[PDB]
Amino acid sequence: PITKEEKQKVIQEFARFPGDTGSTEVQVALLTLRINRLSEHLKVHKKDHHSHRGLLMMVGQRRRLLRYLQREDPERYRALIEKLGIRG
Amino acid sequence: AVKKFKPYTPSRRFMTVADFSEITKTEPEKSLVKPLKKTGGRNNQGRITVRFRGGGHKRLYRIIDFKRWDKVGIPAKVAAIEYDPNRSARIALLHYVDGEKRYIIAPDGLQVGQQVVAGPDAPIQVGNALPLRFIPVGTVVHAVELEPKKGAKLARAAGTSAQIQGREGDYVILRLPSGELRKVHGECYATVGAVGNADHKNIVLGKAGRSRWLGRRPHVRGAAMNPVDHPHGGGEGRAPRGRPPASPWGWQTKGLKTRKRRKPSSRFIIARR
RNA sequence: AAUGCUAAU
RNA sequence: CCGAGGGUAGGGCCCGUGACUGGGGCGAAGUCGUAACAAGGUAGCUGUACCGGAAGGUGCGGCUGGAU
RNA sequence: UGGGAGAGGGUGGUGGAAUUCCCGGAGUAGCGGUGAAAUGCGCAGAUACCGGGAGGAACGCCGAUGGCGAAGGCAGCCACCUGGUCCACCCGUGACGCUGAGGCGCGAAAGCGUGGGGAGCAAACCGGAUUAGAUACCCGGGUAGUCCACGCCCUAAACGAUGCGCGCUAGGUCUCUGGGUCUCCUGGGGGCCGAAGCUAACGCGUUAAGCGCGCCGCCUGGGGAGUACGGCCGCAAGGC
RNA sequence: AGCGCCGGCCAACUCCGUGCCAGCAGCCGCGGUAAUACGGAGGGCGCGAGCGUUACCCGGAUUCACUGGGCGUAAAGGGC
RNA sequence: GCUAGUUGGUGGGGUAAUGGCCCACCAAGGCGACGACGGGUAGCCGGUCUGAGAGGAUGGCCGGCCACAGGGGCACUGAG
RNA sequence: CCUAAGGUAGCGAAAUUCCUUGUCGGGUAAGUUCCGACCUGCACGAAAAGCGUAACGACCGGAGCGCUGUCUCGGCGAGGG
RNA sequence: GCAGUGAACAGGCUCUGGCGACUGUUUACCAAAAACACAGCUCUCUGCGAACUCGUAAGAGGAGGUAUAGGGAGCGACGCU
RNA sequence: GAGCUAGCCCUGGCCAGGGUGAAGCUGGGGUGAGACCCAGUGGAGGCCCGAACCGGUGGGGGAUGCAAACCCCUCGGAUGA
Ligand SMILES: [K+]
Ligand SMILES: [K+]
Ligand SMILES: [K+]
Ligand SMILES: [K+]
Ligand SMILES: [K+]
Ligand SMILES: [Mg+2]
Ligand SMILES: [Mg+2]
Ligand SMILES: [Mg+2]
Ligand SMILES: [Mg+2]
Ligand SMILES: [Mg+2]
Ligand SMILES: [Mg+2]
Ligand SMILES: [Mg+2]
Ligand SMILES: [Mg+2]
Ligand SMILES: [Mg+2]
Ligand SMILES: [Mg+2]
Ligand SMILES: [Mg+2]
Ligand SMILES: [Mg+2]
Ligand SMILES: [Mg+2]
Ligand SMILES: [Mg+2]
Ligand SMILES: [Mg+2]
Ligand SMILES: [Mg+2]
Ligand SMILES: [Mg+2]
Ligand SMILES: [Mg+2]
Ligand SMILES: [Mg+2]
Ligand SMILES: [Mg+2]
Ligand SMILES: [Mg+2]
Ligand SMILES: [Mg+2]
Ligand SMILES: [Mg+2]
Ligand SMILES: [Mg+2]
Ligand SMILES: [Mg+2]
Ligand SMILES: [Mg+2]
Ligand SMILES: [Mg+2]
Ligand SMILES: [Mg+2]
Ligand SMILES: [Mg+2]
Ligand SMILES: [Mg+2]
Ligand SMILES: [Mg+2]
Ligand SMILES: [Mg+2]
Ligand SMILES: [Mg+2]
Ligand SMILES: [Mg+2]
Ligand SMILES: [Mg+2]
Ligand SMILES: [Mg+2]
Ligand SMILES: [Mg+2]
Ligand SMILES: [Mg+2]
Ligand SMILES: [Mg+2]
Ligand SMILES: [Mg+2]
Ligand SMILES: [Mg+2]
Ligand SMILES: [Mg+2]
Ligand SMILES: [Mg+2]
Ligand SMILES: [Mg+2]
Ligand SMILES: [Mg+2]
Ligand SMILES: [Mg+2]
Ligand SMILES: [Mg+2]
Ligand SMILES: [Mg+2]
Ligand SMILES: [Mg+2]
Ligand SMILES: [Mg+2]
Ligand SMILES: [Mg+2]
Ligand SMILES: [Mg+2]
Ligand SMILES: [Mg+2]
Ligand SMILES: [Mg+2]
Ligand SMILES: [Mg+2]
Ligand SMILES: [Mg+2]
Ligand SMILES: [Mg+2]
Ligand SMILES: [Mg+2]
Ligand SMILES: [Mg+2]
Ligand SMILES: [Mg+2]
Ligand SMILES: [Mg+2]
Ligand SMILES: [Mg+2]
Ligand SMILES: [Mg+2]
Ligand SMILES: [Mg+2]
Ligand SMILES: [Mg+2]
Ligand SMILES: [Mg+2]
Ligand SMILES: [Mg+2]
Ligand SMILES: [Mg+2]
Ligand SMILES: [Mg+2]
Ligand SMILES: [Mg+2]
Ligand SMILES: [Mg+2]
Ligand SMILES: [Mg+2]
Ligand SMILES: [Mg+2]
Ligand SMILES: [Mg+2]
Ligand SMILES: [Mg+2]
Ligand SMILES: [Mg+2]
Ligand SMILES: [Mg+2]
Ligand SMILES: [Mg+2]
Ligand SMILES: [Mg+2]
Ligand SMILES: [Mg+2]
Ligand SMILES: [Mg+2]
Ligand SMILES: [Mg+2]
Ligand SMILES: [Mg+2]
Ligand SMILES: [Mg+2]
Ligand SMILES: [Mg+2]
Ligand SMILES: [Mg+2]
Ligand SMILES: [Mg+2]
Ligand SMILES: [Mg+2]
Ligand SMILES: [Mg+2]
Ligand SMILES: [Mg+2]
Ligand SMILES: [Mg+2]
Ligand SMILES: [Mg+2]
Ligand SMILES: [Mg+2]
Ligand SMILES: [Mg+2]
Ligand SMILES: [Mg+2]
Ligand SMILES: [Mg+2]
Ligand SMILES: [Mg+2]
Ligand SMILES: [Mg+2]
Ligand SMILES: [Mg+2]
Ligand SMILES: [Mg+2]
Ligand SMILES: [Mg+2]
Ligand SMILES: [Mg+2]
Ligand SMILES: [Mg+2]
Ligand SMILES: [Mg+2]
Ligand SMILES: [Mg+2]
Ligand SMILES: [Mg+2]
Ligand SMILES: [Mg+2]
Ligand SMILES: [Mg+2]
Ligand SMILES: [Mg+2]
Ligand SMILES: [Mg+2]
Ligand SMILES: [Mg+2]
Ligand SMILES: [Mg+2]
Ligand SMILES: [Mg+2]
Ligand SMILES: [Mg+2]
Ligand SMILES: [Mg+2]
Ligand SMILES: [Mg+2]
Ligand SMILES: [Mg+2]
Ligand SMILES: [Mg+2]
Ligand SMILES: [Mg+2]
Ligand SMILES: [Mg+2]
Ligand SMILES: [Mg+2]
Ligand SMILES: [Mg+2]
Ligand SMILES: [Mg+2]
Ligand SMILES: [Mg+2]
Ligand SMILES: [Mg+2]
Ligand SMILES: [Mg+2]
Ligand SMILES: [Mg+2]
Ligand SMILES: [Mg+2]
Ligand SMILES: [Mg+2]
Ligand SMILES: [Mg+2]
Ligand SMILES: [Mg+2]
Ligand SMILES: [Mg+2]
Ligand SMILES: [Mg+2]
Ligand SMILES: [Mg+2]
Ligand SMILES: [Mg+2]
Ligand SMILES: [Mg+2]
Ligand SMILES: [Mg+2]
Ligand SMILES: [Mg+2]
Ligand SMILES: [Mg+2]
Ligand SMILES: [Mg+2]
Ligand SMILES: [Mg+2]
Ligand SMILES: [Mg+2]
Ligand SMILES: [Mg+2]
Ligand SMILES: [Mg+2]
Ligand SMILES: [Mg+2]
Ligand SMILES: [Mg+2]
Ligand SMILES: [Mg+2]
Ligand SMILES: [Mg+2]
Ligand SMILES: [Mg+2]
Ligand SMILES: [Mg+2]
Ligand SMILES: [Mg+2]
Ligand SMILES: [Mg+2]
Ligand SMILES: [Mg+2]
Ligand SMILES: [Mg+2]
Ligand SMILES: [Mg+2]
Ligand SMILES: [Mg+2]
Ligand SMILES: [Mg+2]
Ligand SMILES: [Mg+2]
Ligand SMILES: [Mg+2]
Ligand SMILES: [Mg+2]
Ligand SMILES: [Mg+2]
Ligand SMILES: [Mg+2]
Ligand SMILES: [Mg+2]
Ligand SMILES: [Mg+2]
Ligand SMILES: [Mg+2]
Ligand SMILES: [Mg+2]
Ligand SMILES: [Mg+2]
Ligand SMILES: [Mg+2]
Ligand SMILES: [Mg+2]
Ligand SMILES: [Mg+2]
Ligand SMILES: [Mg+2]
Ligand SMILES: [Mg+2]
Ligand SMILES: [Mg+2]
Ligand SMILES: [Mg+2]
Ligand SMILES: [Mg+2]
Ligand SMILES: [Mg+2]
Ligand SMILES: [Mg+2]
Ligand SMILES: [Mg+2]
Ligand SMILES: [Mg+2]
Ligand SMILES: [Mg+2]
Ligand SMILES: [Mg+2]
Ligand SMILES: [Mg+2]
Ligand SMILES: [Mg+2]
Ligand SMILES: [Mg+2]
Ligand SMILES: [Mg+2]
Ligand SMILES: [Mg+2]
Ligand SMILES: [Mg+2]
Ligand SMILES: [Mg+2]
Ligand SMILES: [Mg+2]
Ligand SMILES: [Mg+2]
Ligand SMILES: [Mg+2]
Ligand SMILES: [Mg+2]
Ligand SMILES: [Mg+2]
Ligand SMILES: [Mg+2]
Ligand SMILES: [Mg+2]
Ligand SMILES: [Mg+2]
Ligand SMILES: [Mg+2]
Ligand SMILES: [Mg+2]
Ligand SMILES: [Mg+2]
Ligand SMILES: [Mg+2]
Ligand SMILES: [Mg+2]
Ligand SMILES: [Mg+2]
Ligand SMILES: [Mg+2]
Ligand SMILES: [Mg+2]
Ligand SMILES: [Mg+2]
Ligand SMILES: [Mg+2]
Ligand SMILES: [Mg+2]
Ligand SMILES: [Mg+2]
Ligand SMILES: [Mg+2]
Ligand SMILES: [Mg+2]
Ligand SMILES: [Mg+2]
Ligand SMILES: [Mg+2]
Ligand SMILES: [Mg+2]
Ligand SMILES: [Mg+2]
Ligand SMILES: [Mg+2]
Ligand SMILES: [Mg+2]
Ligand SMILES: [Mg+2]
Ligand SMILES: [Mg+2]
Ligand SMILES: [Mg+2]
Ligand SMILES: [Mg+2]
Ligand SMILES: [Mg+2]
Ligand SMILES: [Mg+2]
Ligand SMILES: [Mg+2]
Ligand SMILES: [Mg+2]
Ligand SMILES: [Mg+2]
Ligand SMILES: [Mg+2]
Ligand SMILES: [Mg+2]
Ligand SMILES: [Mg+2]
Ligand SMILES: [Mg+2]
Ligand SMILES: [Mg+2]
Ligand SMILES: [Mg+2]
Ligand SMILES: [Mg+2]
Ligand SMILES: [Mg+2]
Ligand SMILES: [Mg+2]
Ligand SMILES: [Mg+2]
Ligand SMILES: [Mg+2]
Ligand SMILES: [Mg+2]
Ligand SMILES: [Mg+2]
Ligand SMILES: [Mg+2]
Ligand SMILES: [Mg+2]
Ligand SMILES: [Mg+2]
Ligand SMILES: [Mg+2]
Ligand SMILES: [Mg+2]
Ligand SMILES: [Mg+2]
Ligand SMILES: [Mg+2]
Ligand SMILES: [Mg+2]
Ligand SMILES: [Mg+2]
Ligand SMILES: [Mg+2]
Ligand SMILES: [Mg+2]
Ligand SMILES: [Mg+2]
Ligand SMILES: [Mg+2]
Ligand SMILES: [Mg+2]
Ligand SMILES: [Mg+2]
Ligand SMILES: [Mg+2]
Ligand SMILES: [Mg+2]
Ligand SMILES: [Mg+2]
Ligand SMILES: [Mg+2]
Ligand SMILES: [Mg+2]
Ligand SMILES: [Mg+2]
Ligand SMILES: [Mg+2]
Ligand SMILES: [Mg+2]
Ligand SMILES: [Mg+2]
Ligand SMILES: [Mg+2]
Ligand SMILES: [Mg+2]
Ligand SMILES: [Mg+2]
Ligand SMILES: [Mg+2]
Ligand SMILES: [Mg+2]
Ligand SMILES: [Mg+2]
Ligand SMILES: [Mg+2]
Ligand SMILES: [Mg+2]
Ligand SMILES: [Mg+2]
Ligand SMILES: [Mg+2]
Ligand SMILES: [Mg+2]
Ligand SMILES: [Mg+2]
Ligand SMILES: [Mg+2]
Ligand SMILES: [Mg+2]
Ligand SMILES: [Mg+2]
Ligand SMILES: [Mg+2]
Ligand SMILES: [Mg+2]
Ligand SMILES: [Mg+2]
Ligand SMILES: [Mg+2]
Ligand SMILES: [Mg+2]
Ligand SMILES: [Mg+2]
Ligand SMILES: [Mg+2]
Ligand SMILES: [Mg+2]
Ligand SMILES: [Mg+2]
Ligand SMILES: [Mg+2]
Ligand SMILES: [Mg+2]
Ligand SMILES: [Mg+2]
Ligand SMILES: [Mg+2]
Ligand SMILES: [Mg+2]
Ligand SMILES: [Mg+2]
Ligand SMILES: [Mg+2]
Ligand SMILES: [Mg+2]
Ligand SMILES: [Mg+2]
Ligand SMILES: [Mg+2]
Ligand SMILES: [Mg+2]
Ligand SMILES: [Mg+2]
Ligand SMILES: [Mg+2]
Ligand SMILES: [Mg+2]
Ligand SMILES: [Mg+2]
Ligand SMILES: [Mg+2]
Ligand SMILES: [Mg+2]
Ligand SMILES: [Mg+2]
Ligand SMILES: [Mg+2]
Ligand SMILES: [Mg+2]
Ligand SMILES: [Mg+2]
Ligand SMILES: [Mg+2]
Ligand SMILES: [Mg+2]
Ligand SMILES: [Mg+2]
Ligand SMILES: [Mg+2]
Ligand SMILES: [Mg+2]
Ligand SMILES: [Mg+2]
Ligand SMILES: [Mg+2]
Ligand SMILES: [Mg+2]
Ligand SMILES: [Mg+2]
Ligand SMILES: [Mg+2]
Ligand SMILES: [Mg+2]
Ligand SMILES: [Mg+2]
Ligand SMILES: [Mg+2]
């Protein structure tokens, strides 16, 4: 699972200001962490379709957040995808 | 992981070949190879005694260590997995801490860099060789001696294995690759694991020429001959068998049993295959 | 356990 | 040079027709059985599979638009 | 951020009950089956009983009008990996939302391909009864299949025969699961009865089939017919 | 001075002939020995230099519903 | 799914005149589920018939525009 | 009535059909061969496998086009005899 | 110029059946094929001093192989059976 | 008697020239990640055309032959059983 320590490390890494926990960048970073871990799980557990539906839901949510960020701040959007290696 | 071909010739449509990805070294060890004498199915009288043999690719014999109690208690490191033309299984080159080099039948799951050892105190790991009475019931084994210090005789072909079913006095019950239940002396040696290259039976030769590469000459049906040559020969046009199907030498060949009736080893066979 | 009853209130 | 038209060859689509063959709709009467409507006399229906002159039967699972 | 419940999913192990088979013991004149029988099995020693061993498949009581999931579906127990969802705090972002023609993924059973496995059951098949006949219903056998891995197939009374989202409109009662000021109040699910309203009626009724808005799908008499032709998909069966 | 109609829709009824025949018919349907539905006659109704019939278009058809319909069980919610 | 003078550019020819209208060369473009391309059908309008309206059907005669003059192609003369 | 049981799918005038040049359709001016059907299978039929099948064949059938001394029907010329 | 691979060397084509899947093999000297073989399918034997073959025997082959292996038999790619 | 012929064993040799363009690899596209798609490269095959070489399909000639199996034209294989 994902422990509180790595989650807090990500939150501090991507937050704009110290007390920030729900900005677009932080949400995208947490979604990317979950997606990476779940895809690693699914590379071994191929017949795990029920988890794969959740992965699809996560990918869609991140796509919506990225679209909003790109539409409201192109510089922030480009910096975030460069830092996360999202494009592809 | 058998490799297939696109049908760019009539023969390549069906032919499959082995993957060979597990082979690490492509030349045999010089000190462990001997010339192999091709017979063509002829005996020392010069007479064909086994029909339809000869004309395959030239081969060199690799010396395999089938008596692993020779070096009990001396560990060896697996140096390579090699191709062997003389058997369906692959072979493994062992680098003993002694500086002695030997070949063994490569088990399934053996890797370059592992350690193997033979002896009554060996761990139960793939590649280790122990007397049968020291191996737990239910273990899968291969390269099994039939009688003590006489050499491994059972479960040597690719993908085969025997499983220990129980114990009875000085004897251990084994289920053989054929399904036969047999009693084997507990002091006979065996190696842990199953023989590798289990995909060997999925190979499709694809063309007549590939059989010739393997030294198998064409087989002629008895019904294609004349009566002087074969019991099935003759008849005008095609013919049915006209009698119980028979060999070229007269004996029936559908169900007639041939094991010698009063054989001593029958006392040690619990159930036939 | 036991099938069927055409065609004009 | 282009050029109406004509000729040659190979395609695409459509229409008419054809020994034979498949089912469909219809019928104030025929032959065979009786599958469904009542617990329709083995509850029915259903997807699939195999089988049988025929309606149909059976296997596996599902539904109640059945009972208890 | 802190907590909760759960047959949600995938992988690896392992517990006993029972059926079948084999070995040994003891023992004898039938057992089995039906409406009644017969086929069958059994003195070459069956059935009933005790001990040992092997193997496969399914998990009794708990257990439910219970729970989880988008649907199909999910039930011994243990460990690991993983999805959804609920409550409390009212902390952060700042409309970032809803729906969705095509596309992609999933999708009971049966079925198909290649290997494995095979106790029990059991399409096809064989025999016995029944009957006018009995290609059935009942009985004795019996192969695929049912199980596992991988790959296809993509259908159903795939049903709540009720698309999804949001807001508004008396209550009563039963139950699962949270929080609290634990009489009681306040969330989230699952049922029953009923205001107003609706409906051809049956019935529905805060889990709407009421009152409204947004977007998608579908219908236009019955048969012919989910057929034909064309096209696409599939190894095939066949699907759209 | 003619043509159509006279069972209901739809206005205008009796007698004779026939007997599932002959025939009528837009739908429902009439006719098988007592027919307001067939044929004729008497009478009646509607139009009238016209009166009927066939073909085609709109209406009635809110039966493609923008005005102005629906999808639990009538046809209709896509398996998710 | 369609398109190879096809889509654009440069220069020229031709015309009363713009223009790939036509030619030579350079680039690789143009169109399409808001339905290209293909098949079927058809002269279009003012109007006309129907209808409570919305809508549906239709384009005989009359006025306007287009196309054609036995079936195809072509130019001459000329303001045309 | 008889049998251990009475030939299933598919195919069928066939490298299998005696009557036979069966019959119907096509191809030709004219077709005992050929192709498509029908079923009356003398005497098909499921690993002496049944029914299909892209590609391949100095295999064996049938037809058309091109072109020709094969022929109508022969004539002349060259070289070796 | 009648004519430009100007001489020499260098596929006639198409349509439709049967049989065999295919490349191969065969009656030296009348038969090259539809026959044989063939990859592949199935049955059966064989636990190793294996079965089986040659040999009076010793001894060989099988095989310095070990049931995913070896021998015998029938069918003959593949699809549906 | 295997200096012919059949099979096998050991050790050597030979196969002009041209065509086709498998896998793999590289780069781009595609996706949550993929499967896949495209181009280039690459040089596989009882692959194709064709001499040597190995065969021997059809026809003509030969028939007290050049020859007790030949000659001419044509034809099969030609990196493989
Ligand atoms: K053979
Ligand atoms: K026939
Ligand atoms: K015959
Ligand atoms: K031919
Ligand atoms: K390539
Ligand atoms: Mg292949
Ligand atoms: Mg390939
Ligand atoms: Mg291919
Ligand atoms: Mg090929
Ligand atoms: Mg081929
Ligand atoms: Mg080939
Ligand atoms: Mg081949
Ligand atoms: Mg080497
Ligand atoms: Mg050496
Ligand atoms: Mg000798
Ligand atoms: Mg000798
Ligand atoms: Mg032999
Ligand atoms: Mg031999
Ligand atoms: Mg040879
Ligand atoms: Mg060899
Ligand atoms: Mg060699
Ligand atoms: Mg090997
Ligand atoms: Mg071997
Ligand atoms: Mg070889
Ligand atoms: Mg051989
Ligand atoms: Mg062999
Ligand atoms: Mg040979
Ligand atoms: Mg061979
Ligand atoms: Mg044989
Ligand atoms: Mg013979
Ligand atoms: Mg012979
Ligand atoms: Mg004899
Ligand atoms: Mg004999
Ligand atoms: Mg014989
Ligand atoms: Mg004979
Ligand atoms: Mg014979
Ligand atoms: Mg003979
Ligand atoms: Mg004969
Ligand atoms: Mg013969
Ligand atoms: Mg014969
Ligand atoms: Mg013969
Ligand atoms: Mg025969
Ligand atoms: Mg024969
Ligand atoms: Mg015979
Ligand atoms: Mg025979
Ligand atoms: Mg016989
Ligand atoms: Mg015999
Ligand atoms: Mg026999
Ligand atoms: Mg033996
Ligand atoms: Mg009755
Ligand atoms: Mg009745
Ligand atoms: Mg009756
Ligand atoms: Mg009755
Ligand atoms: Mg009655
Ligand atoms: Mg009745
Ligand atoms: Mg009645
Ligand atoms: Mg037609
Ligand atoms: Mg019934
Ligand atoms: Mg009844
Ligand atoms: Mg009934
Ligand atoms: Mg009745
Ligand atoms: Mg009944
Ligand atoms: Mg019933
Ligand atoms: Mg019944
Ligand atoms: Mg009933
Ligand atoms: Mg019922
Ligand atoms: Mg059924
Ligand atoms: Mg089946
Ligand atoms: Mg049945
Ligand atoms: Mg008895
Ligand atoms: Mg007993
Ligand atoms: Mg068992
Ligand atoms: Mg679920
Ligand atoms: Mg979920
Ligand atoms: Mg706040
Ligand atoms: Mg603010
Ligand atoms: Mg919204
Ligand atoms: Mg849409
Ligand atoms: Mg499924
Ligand atoms: Mg189900
Ligand atoms: Mg299943
Ligand atoms: Mg299966
Ligand atoms: Mg019965
Ligand atoms: Mg009776
Ligand atoms: Mg039964
Ligand atoms: Mg049973
Ligand atoms: Mg069975
Ligand atoms: Mg459902
Ligand atoms: Mg529905
Ligand atoms: Mg609805
Ligand atoms: Mg929807
Ligand atoms: Mg509630
Ligand atoms: Mg309630
Ligand atoms: Mg209720
Ligand atoms: Mg209610
Ligand atoms: Mg309620
Ligand atoms: Mg309603
Ligand atoms: Mg309608
Ligand atoms: Mg269909
Ligand atoms: Mg079709
Ligand atoms: Mg297909
Ligand atoms: Mg269907
Ligand atoms: Mg009146
Ligand atoms: Mg009338
Ligand atoms: Mg009248
Ligand atoms: Mg009268
Ligand atoms: Mg009237
Ligand atoms: Mg009258
Ligand atoms: Mg009006
Ligand atoms: Mg009306
Ligand atoms: Mg209207
Ligand atoms: Mg109206
Ligand atoms: Mg409306
Ligand atoms: Mg309506
Ligand atoms: Mg409804
Ligand atoms: Mg309703
Ligand atoms: Mg209904
Ligand atoms: Mg309707
Ligand atoms: Mg309905
Ligand atoms: Mg639904
Ligand atoms: Mg439905
Ligand atoms: Mg579903
Ligand atoms: Mg140009
Ligand atoms: Mg142009
Ligand atoms: Mg242009
Ligand atoms: Mg106007
Ligand atoms: Mg008006
Ligand atoms: Mg108006
Ligand atoms: Mg006009
Ligand atoms: Mg015009
Ligand atoms: Mg004209
Ligand atoms: Mg005229
Ligand atoms: Mg003038
Ligand atoms: Mg002029
Ligand atoms: Mg048949
Ligand atoms: Mg046949
Ligand atoms: Mg046939
Ligand atoms: Mg014939
Ligand atoms: Mg004939
Ligand atoms: Mg035939
Ligand atoms: Mg004949
Ligand atoms: Mg004859
Ligand atoms: Mg004739
Ligand atoms: Mg004839
Ligand atoms: Mg004829
Ligand atoms: Mg004829
Ligand atoms: Mg003809
Ligand atoms: Mg002809
Ligand atoms: Mg003709
Ligand atoms: Mg003709
Ligand atoms: Mg003709
Ligand atoms: Mg004729
Ligand atoms: Mg004829
Ligand atoms: Mg002929
Ligand atoms: Mg002829
Ligand atoms: Mg002919
Ligand atoms: Mg013929
Ligand atoms: Mg024929
Ligand atoms: Mg014929
Ligand atoms: Mg006929
Ligand atoms: Mg027929
Ligand atoms: Mg006949
Ligand atoms: Mg046959
Ligand atoms: Mg048979
Ligand atoms: Mg036979
Ligand atoms: Mg046979
Ligand atoms: Mg055959
Ligand atoms: Mg056949
Ligand atoms: Mg065939
Ligand atoms: Mg084909
Ligand atoms: Mg092909
Ligand atoms: Mg072919
Ligand atoms: Mg072909
Ligand atoms: Mg080819
Ligand atoms: Mg071909
Ligand atoms: Mg070819
Ligand atoms: Mg060829
Ligand atoms: Mg061919
Ligand atoms: Mg050939
Ligand atoms: Mg020939
Ligand atoms: Mg020939
Ligand atoms: Mg040939
Ligand atoms: Mg010939
Ligand atoms: Mg023929
Ligand atoms: Mg031919
Ligand atoms: Mg011919
Ligand atoms: Mg001709
Ligand atoms: Mg000709
Ligand atoms: Mg001449
Ligand atoms: Mg001549
Ligand atoms: Mg000439
Ligand atoms: Mg002539
Ligand atoms: Mg002549
Ligand atoms: Mg003559
Ligand atoms: Mg003549
Ligand atoms: Mg002449
Ligand atoms: Mg002459
Ligand atoms: Mg003359
Ligand atoms: Mg002459
Ligand atoms: Mg002359
Ligand atoms: Mg002359
Ligand atoms: Mg002359
Ligand atoms: Mg002369
Ligand atoms: Mg000359
Ligand atoms: Mg001369
Ligand atoms: Mg002379
Ligand atoms: Mg000249
Ligand atoms: Mg000339
Ligand atoms: Mg000339
Ligand atoms: Mg020239
Ligand atoms: Mg030339
Ligand atoms: Mg030339
Ligand atoms: Mg030349
Ligand atoms: Mg020359
Ligand atoms: Mg050529
Ligand atoms: Mg050639
Ligand atoms: Mg030609
Ligand atoms: Mg040809
Ligand atoms: Mg033909
Ligand atoms: Mg034929
Ligand atoms: Mg042919
Ligand atoms: Mg023939
Ligand atoms: Mg055949
Ligand atoms: Mg052949
Ligand atoms: Mg042949
Ligand atoms: Mg073939
Ligand atoms: Mg074939
Ligand atoms: Mg073959
Ligand atoms: Mg074949
Ligand atoms: Mg063959
Ligand atoms: Mg065949
Ligand atoms: Mg080949
Ligand atoms: Mg060849
Ligand atoms: Mg070839
Ligand atoms: Mg050949
Ligand atoms: Mg051949
Ligand atoms: Mg040959
Ligand atoms: Mg040869
Ligand atoms: Mg030979
Ligand atoms: Mg041969
Ligand atoms: Mg000869
Ligand atoms: Mg000869
Ligand atoms: Mg010869
Ligand atoms: Mg010879
Ligand atoms: Mg001779
Ligand atoms: Mg000859
Ligand atoms: Mg010959
Ligand atoms: Mg030949
Ligand atoms: Mg040949
Ligand atoms: Mg010859
Ligand atoms: Mg041949
Ligand atoms: Mg043959
Ligand atoms: Mg032969
Ligand atoms: Mg092959
Ligand atoms: Mg094959
Ligand atoms: Mg086969
Ligand atoms: Mg076998
Ligand atoms: Mg065998
Ligand atoms: Mg044997
Ligand atoms: Mg042998
Ligand atoms: Mg001896
Ligand atoms: Mg030996
Ligand atoms: Mg040897
Ligand atoms: Mg030996
Ligand atoms: Mg064998
Ligand atoms: Mg064999
Ligand atoms: Mg056989
Ligand atoms: Mg046999
Ligand atoms: Mg053969
Ligand atoms: Mg075959
Ligand atoms: Mg054969
Ligand atoms: Mg000799
Ligand atoms: Mg020799
Ligand atoms: Mg020799
Ligand atoms: Mg020699
Ligand atoms: Mg030789
Ligand atoms: Mg040789
Ligand atoms: Mg050799
Ligand atoms: Mg050698
Ligand atoms: Mg050599
Ligand atoms: Mg050598
Ligand atoms: Mg040599
Ligand atoms: Mg050289
Ligand atoms: Mg060569
Ligand atoms: Mg060469
Ligand atoms: Mg070259
Ligand atoms: Mg070459
Ligand atoms: Mg080529
Ligand atoms: Mg080349
Ligand atoms: Mg090329
Ligand atoms: Mg090459
Ligand atoms: Mg070749
Ligand atoms: Mg070639
Ligand atoms: Mg060729
Ligand atoms: Mg060839
Ligand atoms: Mg060739
Ligand atoms: Mg040559
Ligand atoms: Mg030569
Ligand atoms: Mg040779
Ligand atoms: Mg030669
Ligand atoms: Mg030669
Ligand atoms: Mg030869
Ligand atoms: Mg020849
Ligand atoms: Mg000639
Ligand atoms: Mg010739
Ligand atoms: Mg000749
Ligand atoms: Mg000559
Ligand atoms: Mg001659
Ligand atoms: Mg001559
Ligand atoms: Mg000659
Ligand atoms: Mg001679
Ligand atoms: Mg010669
Ligand atoms: Mg020549
Ligand atoms: Mg040649
Ligand atoms: Mg050739
Ligand atoms: Mg050759
Ligand atoms: Mg050849
Ligand atoms: Mg060839
Ligand atoms: Mg060659
Ligand atoms: Mg060559
Ligand atoms: Mg060649
Ligand atoms: Mg070549
Ligand atoms: Mg070579
Ligand atoms: Mg080649
Ligand atoms: Mg080779």
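The figures that follow rest on heavy atoms only: side chains count, while hydrogens, waters and symmetry mates do not. Here is the naming used below: chain letters follow the sequence lines, and residue numbers restart at 1 for every chain.
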#### Entry: Separation of the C1' atoms in F:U73 and E:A170, to the nearest angstrom
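It works out to 30 Å between them.
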### Nearest-Å distance once atom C1' is located in both I:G76 and J:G42
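Between the two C1' atoms, the distance is 38 Å.
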### Query
Would you say the side chain of A:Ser51 and the base of E:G83 hold a donor-acceptor pair, judged only by whether the two atoms sit under 3.5 Å apart?
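It does not, because no donor-acceptor pair links the side chain of A:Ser51 to the base of E:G83 below 3.5 Å.
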### Query
So what stems show up for RNA chain I if we need 3 or more Watson-Crick or G-U pairs in a row, all under 3.5 Å?
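Listed by first number, the stems are H:49-52 with I:78-81, H:59-65 with I:12-18, I:40-46 with I:69-75, I:52-54 with I:59-61.
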Any N/O pairs under 3.5 Å between the protein and nucleotides 9-11 of chain J? List them or say none.
from  : atom 1 : to      : atom 2 : distance (Å)
J:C9  : OP1    : B:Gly55 : N      : 2.7
J:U11 : OP1    : B:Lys58 : NZ     : 3.1

### Query
Would you call the sugar of E:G94 north or south from its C1'-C2'-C3'-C4' torsion?
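A south-puckered sugar, given its negative torsion.
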#### Entry: Residues which pass salt bridge (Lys or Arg N to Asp or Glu O under 4.0 Å) with B:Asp108, listed by chain and number, not counting sequence neighbours
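B:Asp108 satisfies salt bridge (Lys or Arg N to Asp or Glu O under 4.0 Å) with no residue once adjacent residues are dropped.
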### Query
Is it true that B:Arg102 and B:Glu100 make a salt bridge, defined as a side-chain N closer than 4.0 Å to a carboxylate O?
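So B:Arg102 pairs with B:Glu100 through a salt bridge.
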#### Entry: Any-strand Watson-Crick or G-U partner of E:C159, both distances under 3.5 Å
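E:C159 is paired with D:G65.
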